[PDB]
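Enquirer: To kick things off, part of the complex as it is:
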Amino acid sequence: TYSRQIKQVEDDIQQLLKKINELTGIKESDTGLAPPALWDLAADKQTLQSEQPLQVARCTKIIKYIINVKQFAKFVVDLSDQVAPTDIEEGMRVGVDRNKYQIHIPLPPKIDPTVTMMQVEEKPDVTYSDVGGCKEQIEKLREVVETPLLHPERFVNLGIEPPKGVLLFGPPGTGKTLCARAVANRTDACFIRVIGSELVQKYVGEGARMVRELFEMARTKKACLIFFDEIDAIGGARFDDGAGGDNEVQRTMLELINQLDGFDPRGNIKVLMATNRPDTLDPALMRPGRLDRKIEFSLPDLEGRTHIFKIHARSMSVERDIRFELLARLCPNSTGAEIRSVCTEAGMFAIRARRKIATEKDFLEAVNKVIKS
Amino acid sequence: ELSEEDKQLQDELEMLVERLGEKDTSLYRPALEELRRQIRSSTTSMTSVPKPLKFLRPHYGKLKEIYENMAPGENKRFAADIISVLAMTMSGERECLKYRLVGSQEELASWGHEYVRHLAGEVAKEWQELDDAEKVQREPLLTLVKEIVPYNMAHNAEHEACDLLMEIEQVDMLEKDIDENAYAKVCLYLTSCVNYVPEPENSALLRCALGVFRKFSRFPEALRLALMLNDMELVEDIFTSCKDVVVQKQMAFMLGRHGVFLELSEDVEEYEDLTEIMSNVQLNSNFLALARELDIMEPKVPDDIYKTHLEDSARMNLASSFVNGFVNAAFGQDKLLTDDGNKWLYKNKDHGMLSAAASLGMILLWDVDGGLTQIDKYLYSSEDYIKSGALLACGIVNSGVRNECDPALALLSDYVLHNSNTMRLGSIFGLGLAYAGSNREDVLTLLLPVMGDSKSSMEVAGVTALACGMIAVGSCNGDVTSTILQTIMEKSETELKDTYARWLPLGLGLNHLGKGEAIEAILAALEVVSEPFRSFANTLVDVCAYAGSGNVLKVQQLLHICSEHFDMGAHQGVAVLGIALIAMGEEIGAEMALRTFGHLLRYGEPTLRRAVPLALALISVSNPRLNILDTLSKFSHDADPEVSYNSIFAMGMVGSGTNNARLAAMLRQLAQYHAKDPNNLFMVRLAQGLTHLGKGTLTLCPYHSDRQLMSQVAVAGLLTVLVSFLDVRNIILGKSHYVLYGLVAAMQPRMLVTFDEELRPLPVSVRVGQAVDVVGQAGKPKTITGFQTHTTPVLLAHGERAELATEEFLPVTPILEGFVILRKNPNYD
């Protein structure tokens, strides 16, 4: 009935769309201008007044100033309708025009595609109150990551240093990534996830660069929350033995540490270090001057298991009444990820029973199956 | 092939069926019990081609034969069980649904859920095919509905139950089954009635929803649906209960914000505070308090709102004054106020008229104290244009401001009868817009007698009609209709096709806005008015009369009337504007109405081309999406000056009170490009002003309450402005340009002060994110997209909602907006 009505009406829509296409006719082929008009004569004229090249300014020698510019053609130029002389900066991207080469427009700095898309400006879809079994850990993380930011005058009155650096560690799967996502979503600051694999490249020179540009980007931004993951992958025991050929990763780790805290302030950057094997981590990095508030995620207790159970039960089609504390009791030594998989198994059991209700019986069957496997 | 176990199971089932030819020993009760056992097995098993079925095809006919064979008794329904299952799989559209279900009432344990689904479908379609007859066979349908609804409510299929009820016209049935768990689901489902097929017949959906809400004591949203149903009597009845002080104050806040005028005196508890809440006396103080929180009380020079550094006739002087008034909304410009006041006072020239005084009125909008005081101490004297400026400033200050005191009404009634035609026009405009939507009768009785404007100008007649239309705001006031009729009698052959003639149609449509079936009498009066006229404004009459409809019968009528080519295209313009004025709600419908309007602009006459951008603004008011901005810029750089005017103002409107950086950059680039066009530069300046309305604190919006509530006064003002801009060249680029002030009166904010009990500004952390259309999705959908915890003093956005926090407080409303209260009673921390 309803399904057939759907099929009919969607057939009508497909027919309408093809009819529109054939009747009027809009396509691109190779390049196109489908949006009507788009006349851009003034655009051409101002492009001629512009369409400038860019390079990297080097030095402003004199106090009319002498800007020095380097690309496939060196140059020494200055002056422009632009003001804020060299925007009080030298190593920018100048953006200078042709035709006597003295008119400029400042540009941001070039950055490799890797970091460009590692910026990860997206907001993960997680929020607090969806976390159970690690109330103490989340309390610690909330304190460290928010008190310096949210009404932090109370945090400065006491004359106490602001902690900077937290390493999340624990068994594989405890809601560490979940809590990282939640903090990312809630926070309002330059957030930057980092993947360890992207820091391993073809021979020396790559990781150290990308790390340095990442760090200067964070410094340029007002306040950064960096989110290293795969720290187990990036940075390990400094010992060489046979790693005399593999010293590249160790080198990159060394530069990472130096930028974290070397002979220069590191800045308003708070670091999150995701891991599950917090022993091979190098001592220099693990130094508490760089990872202040290491947090440990443990297997949830009964209350945490129940809270995670109801959280996952947030979904609909579930039974009207379930007895979650017994569910948790039946699943001891179970990760929150295992609670999630138990809810998934209950849903799949409902489907394989052709039932639109997820019953406590379905939950019990799922628990039995997961326990047996 | 088949498996041996299978083939044996069938063989046994058939052999049973053939031996079934009469009632005897195992034949009737035990053999049919065997069959029902296999049916129970089939339902319990998978939807995987149950073995008993798909092989007993002639056996369906044989079971029918056995049914008509055995005499009545214990049989005739226990076999009807088997017959009805074989029907569902094969046949028996209604016969089985009737007799088998008359047997074994409900209790569909041995049948599963698909059985229940298809019986529901068959019953609904049987009711559909049964016209207003078959009462004897309809009572069984009522019993069927009673049987089916509670099981559906239990299982999970409340959406299917809602379907059943809608297509069976059983709105007032579930009132006895709704539960404390499913009330939200059913209420949301009822609210989601964009087809509202019953509504043109009658608001049965709203009726049952309001019954449920009053039964469950959810007064806020009960009142929301009460307003949705245009019956002030019903709204008053809902508000009457007043069993809780907190909820009473909350619903008073909603009534005041919507501007619906309550009626009572010193006769009930909390009468004074409820009256103040509804009157909105505290709105200005609360707005100023929020501004102080993150103080924004900094006057900005027109260029500062612009960025002229990045690179003075009446025209640009007034344009800059308008920009300043838009950006500084109720912020008390004070020093910059006086500076620009002296500037435009010196620049008083041609159109350097009361306009700028009304601008000061906007800067002091809702500032009854500051605005009235400032205008009184520095205004009036000579220059009847300056006195009209004072009158309109008072009107603006009082716009949407309710109070028994009549600071605007008294003055404008005093100076209504002054001979000066333009000053009287301004006075009447101020009077209308000061209490636009109040719907009272004092000013109507004071104005309708002076509707007769044979001694005055037709523009005065039209603007007075618009004032009465503001007041009536859809009341279909018979007095308004009568005075419009005498105006038509006073009408002239040529005055219609000169300018401003649309105002009288505009006022009639205001009086009869989206009434419903009264649009029939509206068209009757349209045919009654047989003036020597080129229709068109009659089309506007009908258009502004019918509105708020998600269906497209009037939409197709208007589309075809415009489609007939007019090789007098203002008729098509009003037709497209009416298409917009019908499609304003449903998001997909609005998007695709914009697509259709783009089709119109591309394959349309220049008249339709000038018309389209206004309709685009109507659809996307204060909703500057990238695609719509691209289109509006595209057709604002058009060669035709009128097209460019319409598109530039439409883009300013879609950017209204948003301050989007991309929009502002595009705006300034377009201003640079149109460097030699004075009127275009004026309009672009007003466009920046719109982009910066109250520095992005006040946003006019027809829709409201999570895209649920219709703003009657807002639609009135917006439609006035857009009708005025239908012909920008003559209507605006000339004498009259104060319909923008009408829009200003129509203005309103978007803001989330959590002023708790006793208006205490209790702060709270609120997670805000773009809406997600909670309907249908899994569990309790995360309405918040991109959680941005930002305390209480937030501004939300065109389409984002809030979720507060875990359990800190209990809001009195789940549609958080404007003035709200947060009960400090968490169940447990």
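Expert: Thanks, I have it. Numbering: from 1, shown residues only, chains lettered A, B, ... in the order given.

Enquirer: Return the distance of the host helix or strand of residue A:154 from the chain's centre.
Expert: Secondary structure assignment for residue A:154, by DSSP states H and E: helix A:153-157. The chain centroid and the centroid of helix A:153-157 are separated by 29 Å under Cα atoms, centre = their mean, to the nearest Å.

Enquirer: next one: stretch B:7-21
Expert: Counting by Cα atoms, centre = their mean, stretch B:7-21 comes out at 62 Å from the chain centroid.

Enquirer: Dump that stretch to PDB, keeping only the CA atoms.
Expert: Output of stretch B:7-21 as PDB, limited to C-alpha atoms (Å, rounded to 0.1, in the frame of the first residue of the first chain):
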ATOM      1  CA  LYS B   7       7.200 -31.300   1.200                       C
ATOM      2  CA  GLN B   8       5.900 -33.400   4.100                       C
ATOM      3  CA  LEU B   9       4.600 -30.300   5.800                       C
ATOM      4  CA  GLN B  10       2.700 -29.200   2.800                       C
ATOM      5  CA  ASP B  11       1.400 -32.700   2.000                       C
ATOM      6  CA  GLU B  12       0.000 -32.800   5.500                       C
ATOM      7  CA  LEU B  13      -1.500 -29.300   5.200                       C
ATOM      8  CA  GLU B  14      -3.200 -30.100   1.900                       C
ATOM      9  CA  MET B  15      -4.400 -33.500   2.900                       C
ATOM     10  CA  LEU B  16      -6.000 -31.700   5.900                       C
ATOM     11  CA  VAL B  17      -7.600 -29.100   3.600                       C
ATOM     12  CA  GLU B  18      -9.100 -31.600   1.200                       C
ATOM     13  CA  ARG B  19     -10.500 -33.700   4.100                       C
ATOM     14  CA  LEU B  20     -12.000 -30.400   5.400                       C
ATOM     15  CA  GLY B  21     -15.400 -30.500   3.600                       C
END
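
Enquirer: Show me which residues of that stretch are buried.
Expert: Using 16 or more other Cβ atoms under 10 Å in any protein chain shown as the test for burial, stretch B:7-21 gives B:9, B:13-14, B:16-17, B:20. To be clear about C-beta, it is placed using only N, CA and C from the backbone, and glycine gets the same treatment.

Enquirer: sorry, back to before: check which helices and strands the helix holding residue A:154 is in contact with.
Expert: In this structure, helix A:153-157 packs against no helix or strand, with contacts taken as 3 or more Cβ pairs under 8 Å, 6 or more residues apart in numbering or on different chains; DSSP states H and E.

Enquirer: how about that helix: buried residues?
Expert: Residues residue A:155 are the ones in helix A:153-157 that count as buried (16+ other Cβ under 10 Å).

Enquirer: Kindly incorporate the sequence below as chain C:
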Amino acid sequence: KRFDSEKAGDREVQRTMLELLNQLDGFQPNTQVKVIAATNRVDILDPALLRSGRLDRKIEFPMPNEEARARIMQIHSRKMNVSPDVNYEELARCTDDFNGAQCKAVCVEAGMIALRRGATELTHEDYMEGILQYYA
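Expert: Chain C now in position relative to the chains above:
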């Protein structure tokens, strides 16, 4: 050691090392220079880079004693809103090989710990737990 022949990148590091050696050992007085080197892998380093015209006076950083730990914690607590009651020396004793910045990290953690409740005093044992069955 400069002789290991693992693979590429190695040899680049050896040219850079040899460039360093040149820059201070060649036909150049290099009078107006002061090189100060910093390393932690003390043992594994180039025998020529080692010293005697290149990196002499190889100052050594030892593990702080109890007194040194007391002094460092005092230094980091100087600006700390410490109450007029401290067992600094006994906290240094508790350190028990707490050499590195751990002292600073602990003073910060103590600040946060007191800030749980808004205090200005040292519990002296919640301080150890900030520091960081069967028998006993």
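
Enquirer: Can you name the next helix or strand after the helix holding residue A:154?
Expert: As assigned by DSSP H and E, the chain's next helix or strand after helix A:153-157 is strand A:166-169.

Enquirer: which outside residues touch that following strand?
Expert: The contact list for strand A:166-169, computed with Cβ atoms under 8 Å, 6 or more residues apart in numbering or on different chains, reads A:137, A:141, A:144-145, A:176, A:179-180, A:231, A:270-278, A:281, A:286, A:291-297.

Enquirer: Now with 7 Å, please.
Expert: A:141, A:144, A:176, A:180, A:272-276, A:278, A:291-297 (Cβ atoms under 7 Å, 6 or more residues apart in numbering or on different chains).

Enquirer: Which residue is the nearest non-sequential neighbour of the closest residue to chain A within the stretch 201-350 of chain B?
Expert: Nearest residue of the stretch 201-350 of chain B to chain A: residue B:311, at 9.1 Å (Cβ to the nearest Cβ). Excluding its sequence neighbours, the residue lying closest to residue B:311 (Cβ to Cβ, 6 or more residues apart in numbering or on different chains) is residue B:672, at 7.5 Å.

Enquirer: which residue packs closest to residue A:34, ignoring adjacent ones?
Expert: Using Cβ to Cβ, 6+ apart, the nearest residue to residue A:34 is residue A:26, at 5.5 Å.

Enquirer: where does the one you found land in three-state SS?
Expert: coil (DSSP: H, G, I helix; E, B strand; the rest coil).

Enquirer: can you give me phi and psi for it?
Expert: Backbone torsions of residue A:26, given as degrees, to the nearest 10, read phi -130, psi 130.

Enquirer: dump the residue contacts of the closest residue to residue B:229 other than its chain neighbours.
Expert: In this structure, residue B:229 finds its nearest non-sequential neighbour in residue B:206, 4.4 Å apart by Cβ to Cβ, 6+ apart. Taking Cβ under 7 Å, 6+ apart, we find residue B:206 in contact with B:225, B:228-229.

Enquirer: In chain C, spot the helix with the most residues.
Expert: helix C:10-25 (DSSP state H).

Enquirer: so does the helix or strand following that one get close to chain A?
Expert: Proceeding N to C from helix C:10-25, the next assigned helix or strand is helix C:66-77, under DSSP H and E. No: using Cβ under 7 Å from any Cβ of the partner chain, we find that helix C:66-77 stays clear of chain A, coming within 8.1 Å at best.

Enquirer: Restricting the selection to alpha carbons, write helix C:66-77 to CSV.
Expert: Extracted in CSV, the C-alpha atoms of helix C:66-77 (Å, rounded to 0.1, in the frame of the first residue of the first chain):
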residue,chain,number,x,y,z
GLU,C,66,67.2,15.6,48.5
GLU,C,67,68.5,19.2,48.9
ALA,C,68,68.3,19.8,45.2
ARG,C,69,64.7,18.6,45.0
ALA,C,70,63.8,20.8,48.0
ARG,C,71,65.4,23.8,46.3
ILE,C,72,63.6,23.2,42.9
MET,C,73,60.2,22.7,44.6
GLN,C,74,60.8,25.9,46.6
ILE,C,75,61.7,27.8,43.4
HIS,C,76,58.5,26.7,41.7
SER,C,77,56.5,27.4,44.8
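
Enquirer: Chain D comes next; put it on the structure above:
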Amino acid sequence: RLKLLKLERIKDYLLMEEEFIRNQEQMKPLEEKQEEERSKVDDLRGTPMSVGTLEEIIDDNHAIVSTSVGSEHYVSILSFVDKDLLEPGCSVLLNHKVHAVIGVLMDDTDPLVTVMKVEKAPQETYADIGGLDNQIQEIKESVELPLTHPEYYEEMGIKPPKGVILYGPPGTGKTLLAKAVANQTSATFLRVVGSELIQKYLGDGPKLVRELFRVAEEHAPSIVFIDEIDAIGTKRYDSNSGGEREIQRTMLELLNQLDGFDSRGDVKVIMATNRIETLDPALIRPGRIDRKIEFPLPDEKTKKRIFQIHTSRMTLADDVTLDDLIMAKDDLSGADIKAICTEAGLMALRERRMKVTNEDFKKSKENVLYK
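Expert: If we add chain D to the chains shown above, we get the following:
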């Protein structure tokens, strides 16, 4: 109600568009002339000698375009462009004089997809899969009906399983079931093996892994068939020798791709393993991988079915009886049965008789048996 909404508005579309557009077409003029005018104006917008490479985009109307000579030049784009196709690294078209961005054209990509996607619909289908009904139904539940019927999961609440492991001895139709899933499903299956991702140098393996995952997400919501991984990583060891450390990094990247910080599309992972006890305990984490499936050796009846399905395209002789081969109660995978059939056929061909014989099948049995 939702059906009512969609039907109502859909009819609105048909009526609105069809009627008005057909009215305009009946008065066809005022469209073709404008279209030709616009097309010739675009042509007028310089189309000499022209090409461009897009390094990045600043914002609307402004972007940086680099030429083969490194002509990095920044230019204000011309709106005539298609827009939204300006992904960094795209091949842009630039005016010879002003280097105005007016067009973009790549129409050519890395053939990695064409290499790792071969014979998308192999000759083996579920009919060719003789037996293993339980495993077949479970894998369908895990993979297909989530995609072919994205309604049940959506209405009930959960999302489908992401990673599914198939573990069993060396040869039990794992790749066969992968192929059948590919053929039956409309999605662009992806074959992958464990002996190629082990790259010569650091970062190469994880780089190609990430590229493979991104390709899977982009081109199609499909399956990725990761064959043996025990040769990779085998859990996270003490991480001492450089090669194994790098391979552990590769698995950790795999783990991030399987379930990372950001998100995951509608791409399902299917693992095939000879041995499972040795795999990373963390990788199989129930949040990431679920529905580990035994793929054991066929029993006697499964062996009958496998012989029958293999030999369906094999005109067995009247004397040839396929029961002496079921006789052997020892290790005989589906691959073993295929080898037996092929060896019998080849030996019959060698001994020149067009028809296979029971003795030929016997000899094939002895010469296919390894131990």
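
Enquirer: same question on the buried residues of stretch B:7-21, but now with chain D added
Expert: In stretch B:7-21, counting by 16+ other Cβ under 10 Å, buried: B:9, B:13-14, B:16-17, B:20.

Enquirer: ok, residues contacting the longest helix of chain C?
Expert: Residues contacting helix C:10-25 (Cβ under 7 Å, 6+ apart): A:204, A:244-245, C:2, C:4, C:30, C:35, C:46, C:48-49, C:53-54.

Enquirer: In terms of distance to chain B, which of those ranks first?
Expert: residue A:204 (39.8 Å).

Enquirer: Would you mind measuring from the closest one to residue A:212?
Expert: 14 Å (Cβ to Cβ, to the nearest Å).

Enquirer: residue in chain B nearest to chain C?
Expert: Closest point on chain B to chain C, by Cβ to the nearest Cβ, is residue B:829, at 17.1 Å.

Enquirer: Enumerate every residue touching the residue of the stretch 651-800 of chain B found nearest chain D.
Expert: In the stretch 651-800 of chain B, the residue that lies nearest chain D is residue B:778 (3.9 Å; Cβ to the nearest Cβ). Contacts for residue B:778 (Cβ under 7 Å, 6+ apart) come out as A:315-316, D:157.

Enquirer: so where does it fall, helix or strand?
Expert: Counting by DSSP H and E, residue B:778 is part of no helix or strand.

Enquirer: Report the separation between the spatially most central residue of chain C and chain D.
Expert: Note on chain C: the residue nearest the mean C-alpha position is residue C:100, at 5.3 Å, using Cα atoms, centre = their mean. In this view, residue C:100 and chain D are 24 Å apart by Cβ to the nearest Cβ, to the nearest Å.

Enquirer: Quick check: that residue touching residue A:287?
Expert: Yes: the criterion here is Cβ atoms under 7 Å, and residue C:100 meets it with residue A:287 at 5.8 Å.

Enquirer: give me the number of residues near the residue in the stretch 151-300 of chain A that chain C sits nearest to?
Expert: Nearest residue of the stretch 151-300 of chain A to chain C (Cβ to the nearest Cβ) works out as residue A:160 at 2.7 Å. For residue A:160, the count of nearby residues is 20 (other Cβ atoms under 10 Å in any protein chain shown).

Enquirer: And for the one 5 residues further on?
Expert: The local packing of residue A:165 (other Cβ under 10 Å) involves 25 other residues.

Enquirer: quick revisit: spatially nearest residue to the residue of the stretch 151-300 of chain A closest to chain C (excluding sequence neighbours)?
Expert: For residue A:160, ignoring the flanking residues on the chain, the nearest one in space by Cβ to Cβ, 6+ apart is residue C:111 at 2.7 Å.

Enquirer: now swap in residue B:172 and tell me
Expert: Spatial nearest neighbour of residue B:172, excluding adjacent residues (Cβ to Cβ, 6+ apart): residue B:208 at 5.4 Å.

Enquirer: Thank you kindly, that will do.
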